[PDB]
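Just below is one structure, and these are the notes that go with it.
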Amino acid sequence: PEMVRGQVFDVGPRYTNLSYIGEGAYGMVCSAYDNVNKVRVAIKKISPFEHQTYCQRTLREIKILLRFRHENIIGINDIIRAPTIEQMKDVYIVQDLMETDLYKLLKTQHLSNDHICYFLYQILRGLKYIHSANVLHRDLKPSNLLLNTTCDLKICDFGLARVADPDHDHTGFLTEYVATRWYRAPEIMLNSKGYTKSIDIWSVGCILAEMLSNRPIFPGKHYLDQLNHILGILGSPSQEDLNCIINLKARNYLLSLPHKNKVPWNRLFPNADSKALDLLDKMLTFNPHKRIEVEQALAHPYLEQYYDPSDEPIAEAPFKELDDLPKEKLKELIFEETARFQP
Ligand SMILES: O=C(N[C@H](CO)c1ccccc1)c1cc(-c2[nH]ncc2-c2cccc(C(F)(F)F)c2)c[nH]1
C-alpha cells in the first residue's frame, strides 16, 4: 500500500499518485488520481471506530452529504472501506478536489470587494439549500469553506450538523457547547442549544467580518470571554432583546454589566462597502428572532449582482437520534450507509 507522512493510505487500484493536502484530529486529506474518471480527487482517511464522538461525526456527514446535491456543497463521489464490519478499521471518503480553504486564503490574501461579495453569495446559496432540507451546519468557519482556482466555493465538514429543532432549543446559562468558539452566536452562552437556523447565520456574519479585515471579529480566548467580545462590539442588549431571555441567570448576568455603546461597523471596517456593512449588521443581530434569514440575506442589495432565487435551488425533501448510540452500533450504521459504493 502507498504511504503518506508515515501513515497507511490504501485507496488502490482506482486511486493512485497521492499528495498530502492537510490534517485534522478527525482524519488525513490527500489528493489522488481517479483512474476511472481520469480526474484528480480529494480523499479523506478517517479512523473513527475507537471513539463514539468520531463515529457520530462520521455518520452525520456521510448520511447528509450522500443525500445532498448542490454546487456550493462538497459532495461524496465514492467511499472506500473493507468488505466486512470485522475487517473495517478505516473509511476513505472521496470528495471534490479544491485548491485551498478560506482560512488559508485570509492568512495571506487581501480580498477585493468583488471577491467578498461572490464568496458571501456562494456561502448563502449553499446555506439556503442546507436550511431548506431542515438541516443546520453548526460549524461554519473559514476552514470549512473550500475554494478552487476559479473562486468556486464549497461548504464542507457536516460532522456537527443536525436536523433543526426550534421547540427544544432552550437551555440554561453557560451550557457546554462543541462548535468553534469564535463563530458561536451570543445565545449559545445564554439560553440556546444551537438547534435553530439563526445559529448558522451568525457564523456567516462572523465570516463576512473576517473577509473584510483578515482578522476574526470576536476572538474569544475561552467560553464566557466569547460573549464579552460580542457585547464589546454590539453594545448592551435592548430592553426588548433582554425580555426575550426568560432565564434569570442569563438575564441577570447581562443586567450586571455596565452600559456599553455599540462600536459602529464603519469604525471597525472603514474601507468596506456600505451595503456589506448593512448586511453584516443584520447577520450579527443579537436577538436570534430579529436576525436575518438566509433567503433575506440573498435578497439584500449587497448581493444584487448575483441574486436569482430561481438559480438558488432547495432540497427535494426535508432531512430526518445518534447522540445516545454506542460506537459499535454507529460502526454498523456507517457500514450500511457506505454499502452502495462496494463492487
Ligand atoms: O472533509 C473535509 N474537511 C474537513 C474539515 O473542514 C475534515 C474533517 C476532518 C479531518 C480532515 C478534514 C475535506 C476537505 C477537502 C478538500 N478537498 N480539496 C481540498 C481540501 C482541503 C483544503 C484545505 C485543507 C484541507 C484539510 F482538511 F486537510 F485541512 C483540505 C475534502 N474534504
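All residue numbers refer to positions in the sequence shown, counting from 1.
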- Task: Verify ring pair (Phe, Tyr, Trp, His ring centres under 6.0 Å) between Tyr129 and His70, making sure each step is shown before the conclusion.
- Result: CA-CA 7 Å; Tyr129 180 97; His70 192 277; 5.1 Å; yes

Check this for me: does any side-chain nitrogen of one of [X] and [Y] sit under 4.0 Å from a carboxylate oxygen of the other?
X      : Y      : value
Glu293 : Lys282 : no
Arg291 : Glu187 : yes
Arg125 : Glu71  : yes
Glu240 : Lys290 : yes

- Check against ring pair (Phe, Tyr, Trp, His ring centres under 6.0 Å), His168 and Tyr195: CA-CA 7 Å; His168 298 95; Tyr195 289 181; 8.0 Å; no

Using modelled atom types and a 3.5 Å cut-off, is there a donor and acceptor pairing between side-chain atoms of [X] and backbone atoms of [Y]?
X      : Y      : answer
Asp200 : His137 : yes
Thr285 : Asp281 : yes
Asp10  : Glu2   : no
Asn134 : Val163 : no
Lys275 : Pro301 : no
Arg60  : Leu160 : no
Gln226 : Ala185 : no
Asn266 : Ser274 : no

- Query: Is any side-chain heavy atom of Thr58 closer than 4.5 Å to a side-chain heavy atom of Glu61?
  - Reply: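 A side-chain contact under 4.5 Å is absent here.
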
- Message: I want to check something: taking the side chain as every heavy atom from C-beta on, are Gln52 and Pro326 in contact at a cut-off of under 4.5 Å?
- Response: no

- Query: With a cut-off of under 6.0 Å to the ring centre and 45° to the axis, is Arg184 in cation-pi contact with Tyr177?
  - Reply: no

- Stacked cation flag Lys331 on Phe49, 6.0 angstrom / 45 deg: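 Yes, a cation-pi geometry.
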
Is it the case that the side chains of [Y] and [X] hold a donor-acceptor pair, with the cut-off being a distance below 3.5 Å and no angle test?
X      : Y      : value
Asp241 : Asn287 : yes
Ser112 : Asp114 : no
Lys45  : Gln7   : yes

For residues 302-318, run the donor-acceptor check on the side chains, cut-off 3.5 Å, and write out each pair with its distance to 0.1 Å, sequence neighbours left out.
unit_1 : atom_1 : unit_2 : atom_2 : d
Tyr302 : OH     : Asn113 : OD1    : 3.0
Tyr302 : OH     : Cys117 : N      : 3.3
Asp308 : OD1    : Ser310 : N      : 3.4
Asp308 : OD1    : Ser310 : OG     : 2.9
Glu312 : OE2    : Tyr121 : OH     : 2.6
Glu312 : OE2    : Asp308 : N      : 2.9

- Message: Using the rule side chain to side chain contact (heavy atoms under 4.5 Å, CB included), only one of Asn77, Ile43, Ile46 pairs with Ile93; which is it?
- Response: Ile46

- Item | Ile21 and its side chain to side chain contact (heavy atoms under 4.5 Å, CB included) partner, picked from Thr100, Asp101, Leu97, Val4 |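 Per the side chain to side chain contact (heavy atoms under 4.5 Å, CB included) rule, the option paired with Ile21 is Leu97, out of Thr100, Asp101, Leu97, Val4.
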
- Using 30° and 60° as the class limits, which term best fits the ring planes of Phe9 and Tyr92: parallel, tilted or perpendicular?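 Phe9 and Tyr92: perpendicular rings.
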
- Query: Parallel, tilted or perpendicular: which describes the rings of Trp265 and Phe269, with under 30° parallel and over 60° perpendicular?
  - Reply: parallel

If you count the non-hydrogen atoms of other residues, nucleotides and ligands that lie under 6.0 Å from [atom1] in [X], is the total more than 12?
X     : atom1 : answer
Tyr20 : OH    : yes
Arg67 : CZ    : yes
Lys89 : NZ    : no

- What residues, two or more places apart in sequence or in another chain, satisfy salt bridge (charged side-chain N to carboxylate O under 4.0 Å, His left out) together with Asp78?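 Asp78 satisfies salt bridge (charged side-chain N to carboxylate O under 4.0 Å, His left out) with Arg14 once adjacent residues are dropped.
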
- Query: Between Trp202 and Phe286, does the ring centre distance come in under 6.0 Å?
  - Reply: no

